[PDB]
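Report on the structure given below.
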Amino acid sequence: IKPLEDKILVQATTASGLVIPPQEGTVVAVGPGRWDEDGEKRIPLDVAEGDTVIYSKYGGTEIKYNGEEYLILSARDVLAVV
Amino acid sequence: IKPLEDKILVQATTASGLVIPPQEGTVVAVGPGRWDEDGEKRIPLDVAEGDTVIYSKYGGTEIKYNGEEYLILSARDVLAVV
Amino acid sequence: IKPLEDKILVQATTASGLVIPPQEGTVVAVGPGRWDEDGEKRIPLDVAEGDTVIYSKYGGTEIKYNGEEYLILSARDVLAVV
Amino acid sequence: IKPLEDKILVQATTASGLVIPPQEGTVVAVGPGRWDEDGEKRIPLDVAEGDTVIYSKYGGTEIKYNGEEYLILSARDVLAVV
Amino acid sequence: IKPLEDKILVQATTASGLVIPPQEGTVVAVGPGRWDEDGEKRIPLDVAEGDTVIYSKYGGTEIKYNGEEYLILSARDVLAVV
Amino acid sequence: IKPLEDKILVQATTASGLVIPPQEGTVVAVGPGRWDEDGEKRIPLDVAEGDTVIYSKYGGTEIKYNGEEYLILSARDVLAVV
Amino acid sequence: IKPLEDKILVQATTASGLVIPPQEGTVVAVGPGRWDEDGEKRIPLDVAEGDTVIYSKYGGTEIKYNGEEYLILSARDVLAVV
């Protein structure tokens, strides 16, 4: 599963030591990014595989595979990295 | 059926080995791409014919032909390729 | 009837051999196109007179003339050509 | 009455020989056009006085003058010229 | 009362000879205009003091001063000049 | 209290001699302004400390301090200076 | 916790000496900023760690950690620094 431009695939108290009154997870896959409006180049994402991130699930598309639960979410949903 | 600029024609548990609690399908046709705002060049899509993709059916335009079910959906709908 | 910049005049199971659960039709007229944002040039449409196209009728303006039914739709509405 | 940048003043089955299930009318006045976002130049409108056009009445501002009924509508509303 | 960039101060059948089924009035003050997005220069308004204009009252901010009723309305509201 | 880029801090019949059927007030603090979309420079605001201004309270964020009632509103809200 | 591009992590009458009829707090972390639309560079934020700011909680994402309450809110939410 290769997220298309812009999306990132995230593998779904929190195991990090944080209480969330917004899930936490590990970036497993990342895409190319949104091309410039000019199409000259693509803007890169500031998250990379293995990054443990905090995101919201809005617009998320959950999909399960061999025991793991994955989420294909847009980069706009990743709020922070711990 | 030749999708016009930006649209891709997709042919509609999953045969890939994935559980989708969003459909999966095969990219059958692809268009030119949205022109730059400047009209200089068109932005290329990151899916090609034969690609097996995961997309959402929103705004989709289903059309049946000789027993097959097709969907003309915008590129913004394709989330990932497996 | 001359579609102003960007619009295209379309003449309204399908005679093509396609089942549409989106209408199909024949492009009878086409406009100049959206000027670039800078106003330098116009972007051209990828459809021309006689093309048989598949489109959605959203925002369409139906108008009848000498027994034929016509639709002035924006280029954003034409999804494919057969 | 001089339509300010972008608007055109239109003078309101149709007298042209068309059935509209969108009114038809004669372009009586036209404005300069929208300035470039950069304000370098203004974008010209593809309609001129005397043009007989088909448009929609949305956001239109009807005003009556010496027995004639006029409409100050934005350029975006003129769909085609006959 | 000096309209800040873009706004124009207008002083509120019509005395001009027009019937409005959109009020008419006299431009009493005009502002600098919107800066370009680049900030290089401001885009000028096409109304000047003394201009008698037709506008809509949407988003207007009526204020009364020494018996006169005034309106601070955005230039986007002034439709034409008579 | 220093209004961040673009906001201005205003200090809340009117004492100017105007009737407002929109409050009037004094500009106590002003921010740097919105960076160009390019980030090259920031766009300056056309009001300055001491300016007595007429604005709308929409989106305003009222805060009191030592008996005085203040408002942090975006420049888009300041309509004119008297 | 590292706010991704544009967000800033804030640490939640007010201890400053202000009455808020909008919370106040201390900027604990700051993100790179939004890339330019062109992606050339990122626009910098006008708040830095330690800044005590006044913001609104809209769209905020509250998260507690070792007894402290934090908020990951977008820069658009920071209204002023005291």
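Simple scheme: letters A, B, ... for chains in structure tokens order, numbers from 1 for residues in each chain, numbers from 1 for ligands in the order shown.
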Quick one: which chain F residues come within 12 Å of chain E, and what is the nearest atom pair for each with the distance in Å to one decimal, counting only C-alpha atoms, rows ordered by chain and ascending number, as a tab-separated table?
residue	atom	partner	partner_atom	distance
F:13	CA	E:64	CA	9.6
F:14	CA	E:65	CA	10.3
F:16	CA	E:65	CA	9.8
F:17	CA	E:65	CA	7.1
F:18	CA	E:65	CA	5.0
F:19	CA	E:64	CA	5.1
F:20	CA	E:63	CA	5.0
F:21	CA	E:63	CA	6.5
F:22	CA	E:61	CA	7.2
F:23	CA	E:63	CA	10.3
F:24	CA	E:63	CA	10.9
F:33	CA	E:39	CA	10.9
F:34	CA	E:39	CA	9.9
F:35	CA	E:38	CA	9.1
F:36	CA	E:38	CA	5.5
F:37	CA	E:37	CA	7.0
F:38	CA	E:38	CA	7.5
F:39	CA	E:38	CA	9.2
F:40	CA	E:38	CA	8.4
F:41	CA	E:39	CA	7.9
F:42	CA	E:39	CA	7.6
F:43	CA	E:39	CA	5.8
F:44	CA	E:39	CA	8.6
F:45	CA	E:5	CA	9.4
F:46	CA	E:4	CA	7.1
F:47	CA	E:4	CA	8.4
F:51	CA	E:2	CA	11.4
F:52	CA	E:1	CA	10.1
F:53	CA	E:1	CA	8.8
F:54	CA	E:1	CA	8.7
F:55	CA	E:61	CA	9.1
F:56	CA	E:61	CA	8.3
F:57	CA	E:61	CA	11.8
F:58	CA	E:59	CA	11.7
F:75	CA	E:4	CA	9.6
F:76	CA	E:4	CA	9.3
F:77	CA	E:4	CA	9.9
F:78	CA	E:4	CA	7.2
F:79	CA	E:4	CA	5.4
F:80	CA	E:3	CA	4.2
F:81	CA	E:2	CA	5.3
F:82	CA	E:1	CA	4.5
For the selection just defined, write its residues with N, CA and C atoms to a file, as a tab-separated table (two decimals), in the first residue's frame.
chain	number	residue	atom	x	y	z
F	13	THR	N	-25.74	56.68	20.45
F	13	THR	CA	-24.77	57.76	20.15
F	13	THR	C	-23.32	57.57	20.65
F	14	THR	N	-22.41	58.13	19.84
F	14	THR	CA	-20.96	58.06	20.02
F	14	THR	C	-20.32	59.40	20.30
F	16	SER	N	-18.03	60.98	19.29
F	16	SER	CA	-17.53	61.66	18.08
F	16	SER	C	-18.62	62.60	17.52
F	17	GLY	N	-19.89	62.25	17.74
F	17	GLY	CA	-21.01	63.03	17.26
F	17	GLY	C	-21.75	62.25	16.19
F	18	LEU	N	-21.63	60.93	16.22
F	18	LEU	CA	-22.23	60.02	15.22
F	18	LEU	C	-23.19	59.03	15.87
F	19	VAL	N	-24.26	58.68	15.17
F	19	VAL	CA	-25.30	57.76	15.69
F	19	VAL	C	-25.14	56.42	15.01
F	20	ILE	N	-24.94	55.34	15.77
F	20	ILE	CA	-24.77	54.03	15.11
F	20	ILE	C	-25.86	53.02	15.35
F	21	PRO	N	-26.79	52.93	14.40
F	21	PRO	CA	-27.92	52.00	14.48
F	21	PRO	C	-27.55	50.53	14.65
F	22	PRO	N	-21.62	47.88	15.22
F	22	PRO	CA	-20.65	48.88	14.79
F	22	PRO	C	-20.43	49.79	15.93
F	23	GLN	N	-19.24	49.70	16.49
F	23	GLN	CA	-18.85	50.52	17.61
F	23	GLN	C	-17.72	51.48	17.11
F	24	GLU	N	-17.41	52.55	17.85
F	24	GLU	CA	-16.32	53.43	17.48
F	24	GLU	C	-15.29	53.24	18.60
F	33	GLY	N	1.43	42.83	10.44
F	33	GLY	CA	0.68	42.65	9.23
F	33	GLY	C	0.93	41.27	8.65
F	34	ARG	N	0.09	40.90	7.67
F	34	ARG	CA	0.15	39.63	6.99
F	34	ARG	C	1.34	39.57	6.09
F	35	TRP	N	2.10	38.52	6.21
F	35	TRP	CA	3.19	38.35	5.29
F	35	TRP	C	2.63	38.24	3.86
F	36	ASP	N	3.44	38.61	2.88
F	36	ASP	CA	3.03	38.43	1.49
F	36	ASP	C	2.82	36.84	1.39
F	37	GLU	N	2.09	36.36	0.37
F	37	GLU	CA	1.91	34.92	0.24
F	37	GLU	C	3.28	34.32	0.04
F	38	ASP	N	4.19	35.11	-0.58
F	38	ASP	CA	5.61	34.77	-0.89
F	38	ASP	C	6.53	34.84	0.35
F	39	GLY	N	6.05	35.55	1.38
F	39	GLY	CA	6.78	35.71	2.64
F	39	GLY	C	7.88	36.77	2.59
F	40	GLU	N	7.99	37.45	1.43
F	40	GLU	CA	9.01	38.50	1.18
F	40	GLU	C	8.91	39.62	2.17
F	41	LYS	N	7.74	40.19	2.28
F	41	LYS	CA	7.55	41.26	3.20
F	41	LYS	C	6.13	41.18	3.75
F	42	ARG	N	5.84	42.03	4.74
F	42	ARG	CA	4.51	42.10	5.32
F	42	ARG	C	3.86	43.40	4.84
F	43	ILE	N	2.54	43.26	4.72
F	43	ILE	CA	1.66	44.34	4.32
F	43	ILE	C	1.28	45.21	5.51
F	44	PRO	N	1.62	46.50	5.45
F	44	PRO	CA	1.28	47.37	6.58
F	44	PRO	C	-0.21	47.75	6.69
F	45	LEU	N	-0.63	48.00	7.91
F	45	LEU	CA	-2.01	48.33	8.19
F	45	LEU	C	-2.13	49.85	8.05
F	46	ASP	N	-3.33	50.35	7.70
F	46	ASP	CA	-3.51	51.79	7.52
F	46	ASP	C	-4.08	52.51	8.72
F	47	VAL	N	-3.93	51.95	9.88
F	47	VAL	CA	-4.41	52.66	11.06
F	47	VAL	C	-3.15	52.60	11.91
F	51	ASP	N	-5.43	56.33	16.53
F	51	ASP	CA	-6.48	56.56	15.56
F	51	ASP	C	-7.87	56.25	16.13
F	52	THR	N	-8.82	57.15	15.96
F	52	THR	CA	-10.14	56.80	16.43
F	52	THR	C	-10.81	56.15	15.22
F	53	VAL	N	-11.24	54.92	15.39
F	53	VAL	CA	-11.84	54.14	14.29
F	53	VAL	C	-13.25	53.56	14.54
F	54	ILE	N	-13.96	53.31	13.42
F	54	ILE	CA	-15.31	52.73	13.36
F	54	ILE	C	-15.07	51.36	12.81
F	55	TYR	N	-15.52	50.35	13.56
F	55	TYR	CA	-15.37	48.94	13.21
F	55	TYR	C	-16.59	48.12	13.62
F	56	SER	N	-16.60	46.87	13.18
F	56	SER	CA	-17.67	45.98	13.54
F	56	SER	C	-17.03	45.04	14.60
F	57	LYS	N	-17.84	44.47	15.50
F	57	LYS	CA	-17.27	43.58	16.51
F	57	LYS	C	-17.24	42.11	16.12
F	58	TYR	N	-17.68	41.72	14.93
F	58	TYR	CA	-17.64	40.32	14.52
F	58	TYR	C	-16.26	39.66	14.71
F	75	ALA	N	-7.81	43.45	11.20
F	75	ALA	CA	-7.85	44.68	10.47
F	75	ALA	C	-9.07	44.72	9.58
F	76	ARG	N	-9.48	43.55	9.06
F	76	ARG	CA	-10.64	43.48	8.14
F	76	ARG	C	-11.92	44.10	8.69
F	77	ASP	N	-11.94	44.26	10.01
F	77	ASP	CA	-13.05	44.80	10.75
F	77	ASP	C	-13.06	46.26	10.87
F	78	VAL	N	-11.88	46.93	10.78
F	78	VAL	CA	-11.81	48.43	10.85
F	78	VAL	C	-12.24	48.98	9.51
F	79	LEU	N	-13.36	49.72	9.53
F	79	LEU	CA	-13.98	50.30	8.35
F	79	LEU	C	-13.63	51.73	7.98
F	80	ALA	N	-13.38	52.57	8.95
F	80	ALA	CA	-13.03	53.93	8.63
F	80	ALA	C	-12.37	54.54	9.86
F	81	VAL	N	-11.71	55.69	9.70
F	81	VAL	CA	-11.11	56.45	10.83
F	81	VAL	C	-11.85	57.81	10.81
F	82	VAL	N	-12.05	58.44	11.95
F	82	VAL	CA	-12.71	59.74	11.96
F	82	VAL	C	-11.63	60.79	12.43
Nearby residues (only C-alpha atoms) at most 7 Å from residue 11 (chain D), same-chain spacing under 5 positions excluded, as number ranges by chain:
D: 25-28, 69-71
